[PDB]
Amino acid sequence: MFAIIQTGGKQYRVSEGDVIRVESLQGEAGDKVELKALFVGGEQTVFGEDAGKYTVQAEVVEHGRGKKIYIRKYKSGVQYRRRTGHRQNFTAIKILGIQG
Amino acid sequence: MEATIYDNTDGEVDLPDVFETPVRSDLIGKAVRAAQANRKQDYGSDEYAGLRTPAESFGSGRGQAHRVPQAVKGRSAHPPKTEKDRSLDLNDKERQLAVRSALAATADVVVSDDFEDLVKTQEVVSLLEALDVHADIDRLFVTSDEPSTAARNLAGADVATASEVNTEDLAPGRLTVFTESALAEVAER
Amino acid sequence: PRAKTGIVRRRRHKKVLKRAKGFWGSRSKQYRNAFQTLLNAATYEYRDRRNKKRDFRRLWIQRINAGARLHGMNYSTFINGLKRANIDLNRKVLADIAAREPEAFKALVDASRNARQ
Amino acid sequence: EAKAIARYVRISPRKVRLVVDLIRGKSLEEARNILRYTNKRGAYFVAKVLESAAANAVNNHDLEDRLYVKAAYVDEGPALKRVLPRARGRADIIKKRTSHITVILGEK
RNA sequence: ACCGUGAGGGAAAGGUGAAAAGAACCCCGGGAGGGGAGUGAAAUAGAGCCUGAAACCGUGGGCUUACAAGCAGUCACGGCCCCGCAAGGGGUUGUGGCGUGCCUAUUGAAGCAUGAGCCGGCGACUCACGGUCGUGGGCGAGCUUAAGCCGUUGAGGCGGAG
RNA sequence: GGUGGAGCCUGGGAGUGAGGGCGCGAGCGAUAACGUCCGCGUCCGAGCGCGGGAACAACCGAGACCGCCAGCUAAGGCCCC
RNA sequence: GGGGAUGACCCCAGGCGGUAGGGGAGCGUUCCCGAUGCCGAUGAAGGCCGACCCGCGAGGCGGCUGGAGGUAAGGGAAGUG
């Protein structure tokens, strides 16, 4: 039950274990929703084919949660009488792998 | 318009153009300031303690470094100069203007002259029953040429007079009753 | 007029203290070199922040080599037939899988081999 | 379990410490003999501490002989700021360092 | 208090409790000081006895430690240990990557140039009157002294040399 | 004038008023110096912080708003570290 | 700059290394208002610890501490960091 697709980047090797995902403020919002991500890594039940072979079909996952920058602090310093600071940004909605 | 005359059931009088107008906050506040402003007092850090004694700023060469600033309980640094001109005098025209538009704000209640006679704080209790309210809680005491006696001391005492009462007095978020020659204050206005 | 900055500065200092995980015996509480130690720690880890992805570049580069080479051809070659490509170009997770599913990769290798000769 | 503790003790935090470090997590009796014929100062002091500890112990915290020391530690405290010769100029003190004596008596 | 011959200099030390009811007696001990018992709302409130943090010394545990460099570390991964915000983090680190402290003043700074041994509290662009340009706002002629009077709050008003 | 975005005057608030490094054209100077003196470009400014040339501001590439497990190239490299 | 409802949203342009230094904007600190403001012995404050908020200077909040406070939803003030 493991396939490898890709999305506005790689973030890939997935199936059902919802793998937290990049921001996509345009289709997200859609709570429990279905969305299509084009393949290019059909590796399933011991049979694999070209990523372009794929580039045709793919899958969908269920848009599921809004993940708020898991904390990570940025201390901006340089001997150079330079000190400023900020915490993360990054965030992403989680979607569960819907395989087809 | 609606200038309601006390003694309730009794008549109505008119709100003049003066108070009428539309309101000037920046200024109002100004008034306020003017107020506490010239009122405050002042403070200071001992000239003597601060520059009194004899300091032997231990030469040099010896492993150290130097009555002056920065060791302890003394010096000050730039203290509550008893030497600091506390006043703040706004400016006549400014000020009165203030009491003015402010009062307008007050109009947003009409002390019928007769009242300058009532002789007892319990009597106050009375007129009170006559028109109580939270605005009442605000409550400001105004007579018009020499105070409404007893009225002057109660869970809200004060008694300005037809001449000599001002924003300080009550522009400050409150609500009230001025006797008609107090409307003579109006005159002042 | 009173400026008992107290409670205050103490506070911050403990602050940096928390900054202070456990590190070298001593800045461990070095209420100052502490602070500094921090400064550097920080700029540092910044530097780290961008670095990392590269280190990986390589990382793959190698697991990678284990495989490309394994079959019988270097990254010069792979990269080339590979780009002959068309409806497929993917480098990261490639190796990962040479590992993960022997065949998958295999295949990949094939088609590519040919991509070339 | 019950213990032995004495502050305002006038002694070598350190040396004191070796004393205890040694009669250590061990038999009441046994270590008792340890303070008994062991050298250096404190030895005494310490053995005292023990005495009070076990007395304290079966008297009102209670099975005499099954007791030993379950832990022992000393902590330095108020100092004795000693004013010695000026730098034939500026005094130079040295602090006798009062010592805190604590030991655990617990049965077997 | 104290260095000064002297003229002179000139500290630091406040707080337990509601009120002592401040600790009979018993217990080890030369004793102090430690254990019980009684106050008790607590005495890890107990007599220099409120709140009593840091520096720093101790006592128990987790992990970690003898072919190894460095402050530091921090990015990766692994082993073992805890899952009071559990299939994710917590702490610790073996290895491995990359990595010259911090501040002054410098053409130029790891610095072997300076600065600073540790922690906690003090500590340095202000006020006043002038003047100035910016602007918030009250009239364009605009504006106020000294004063006189009015004052729980104690109310501002009137003063028209300038 | 393809440009796009600097251009000008009026006024408040400024700093530094002594740098050096390179290439080039002169001085001087033994055409000597990580010497100095002016000049023309840049450089560097305690961060013009990354790459490299070992290591090395600082000379070749390069402009660092922020995204660890993306991709194309500089200069510079690809027997090994 | 193209509409903006107050937000905000969208496109691109468009950069955003930075000391002296010049301009905007916020943070907590002990005070004066309690601009028709008052919590607390089932804790004021300060302390002791923390895998929700802020770009941040800080917030909140929950746990344990300790004996009495003092806050101010908003402006004013300064022996402020």
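Cβ sites come from the backbone with ideal geometry, for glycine too, and all protein chains shown count toward neighbours. None of the figures in this text is laboratory data; all of them are computed from the coordinates on show.
Brief remarks on what is shown
- Top-ranked residue in the range A:4-34 [being in a strand (DSSP E or B) and more than 14 Å from the chain's Cα centre (by Cα); ranked as nearest to the other protein chains (Cβ to nearest Cβ)]: A:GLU34
- Applying the set (1) part of a helix (DSSP H, G or I); (2) within 12 Å of chain A (Cβ to nearest Cβ); (3) surrounded by 15 or more Cβ atoms within 10 Å (Cβ to Cβ); (4) not basic (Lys, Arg) to C:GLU103 leaves exactly one unmet item: (3).
- C:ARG27, sole failed condition from (1) of a type in the set (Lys, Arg); (2) part of a loop (DSSP other than H, G, I, E, B); (3) surrounded by fewer than 13 Cβ atoms within 10 Å (Cβ to Cβ): (3)
- Output for the range D:63-96, where each listed residue is of a type in the set (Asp, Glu) and either loosely packed, with under 10 Cβ neighbours inside 10 Å or touching a strand residue (DSSP E or B) at 6+ places or on another chain (Cβ under 8 Å) (or both): D:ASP75, D:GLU76, D:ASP92
- Residue selected from the range A:39-82 under the condition within 16 Å of RNA strand F (Cβ to nearest atom), touching a strand residue (DSSP E or B) at 6+ places or on another chain (Cβ under 6 Å) and assigned to a strand (DSSP E or B), by the criterion nearest to the other protein chains (Cβ to nearest Cβ): A:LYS75
- Residue match in the range B:113-131 (condition: in contact with an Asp or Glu (Cβ under 6 Å, 6 or more places away or on another chain) and surrounded by fewer than 17 Cβ atoms within 10 Å (Cβ to Cβ)): yes
- Scope the range A:83-100; condition part of a strand (DSSP E or B) and within 12 Å of another protein chain (Cβ to nearest Cβ); matching residues: A:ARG83, A:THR84, A:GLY85, A:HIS86
- Scoring B:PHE178 on the criteria (1) within 21 Å of the chain's Cα centre (by Cα); (2) surrounded by fewer than 18 Cβ atoms within 10 Å (Cβ to Cβ) leaves a single failure, condition (2).
- Taken together, C:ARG32, C:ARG10, C:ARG47 contain a single residue that is charged (D, E, K, R), within 14 Å of chain A (Cβ to nearest Cβ) and farther than 30 Å from A:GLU49 by Cα, which is C:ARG47.
- Consider the range C:39-82 and keep the residues that are aromatic (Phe, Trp, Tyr) and more than 19 Å from C:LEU94 (Cβ to Cβ). The one that is nearest to RNA strand F (Cβ to nearest atom) is C:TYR46.
- Pairs, first in a helix (DSSP H, G or I) in the range D:49-71, second among the β-branched types (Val, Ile, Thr), C-beta under 6 Å, six or more apart: D:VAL49/D:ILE101; D:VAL49/D:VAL103; D:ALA53/D:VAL103; D:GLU64/D:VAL58
- One residue stands out among those in the range C:13-24 that are part of a helix (DSSP H, G or I) and within 13 Å of another protein chain (Cβ to nearest Cβ): the one that is farthest from RNA strand F (Cβ to nearest atom), which is C:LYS15.
- All positions within the range C:63-100 that are at the interface with chain A (Cβ under 8 Å from one of its Cβ atoms) and either assigned to a helix (DSSP H, G or I) or aromatic (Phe, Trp, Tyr) (or both): C:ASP96, C:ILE97, C:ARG100
- Scanning the range C:37-58 for residues that are hydroxyl-bearing (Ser, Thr, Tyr) and more than 14 Å from RNA strand G (Cβ to nearest atom) returns C:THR37, C:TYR44.
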